[PDB]
């Protein structure tokens, strides 16, 4: 079985990476310019865009890529590091509102994960949780278009 989402870790933190179109993407605030481990040694990033808070390495072993969304839906679904699916209503180019706010703890460790559309295709990459007193009611995400463009 191959996975589209990788649960990754650095010495300091744990987060997620998502394979889209042959590339393993994640948030620059989690990886930085770090290289990714492989059994033949570390492999350097293929893309790095601090502005978009995006980095990309060649897709790793045991993974499969996600297909970018093309339906244009606003009913998104966030997948957490625990495999939980959270419905999100898209509010704009890079933001959506949780249909049911969750305590921030529920979304921790998930940056880099995918925002999926009704067809399970990639809409964007979860960037950051937008909190209000410890409760995550919305999220910021990097549109797949930015990834497509970076490539």
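Throughout, rigid core stands for the largest set of C-alpha atoms superposing within 1.5 Å between the two forms. Positions refer to the first chain, counted from 1.
Relative to the displayed structure, the C-alphas of 57-65 lie farther away on average in 6 other deposited structures of this protein than those of the other candidate, with 97-105 and 57-65 compared after rigid core superposition. Legend: mean Cα B-factor per stretch from the PDB entry, 55-63 versus 100-108; the higher mean is in 100-108. Averaged over their C-alpha atoms, the temperature factors of 120-128 and 43-51 are higher for 43-51. Based on the entry's C-alpha B-factors, the most elevated value among 94, 26, 38, 33 belongs to 33. Remark: residue 2 belongs to the middle third of its chain, ranked by C-alpha B-factor as recorded. Ranked by Cα temperature factor within the chain, residue 73 sits in the middle third according to the deposited record.
In this PDB entry, the Cα temperature factor of residue 136 sits in the top third of its chain's modelled residues, the highest group. Sort the chain's modelled residues by C-alpha temperature factor and residue 20 lands in the lowest third, per the entry.
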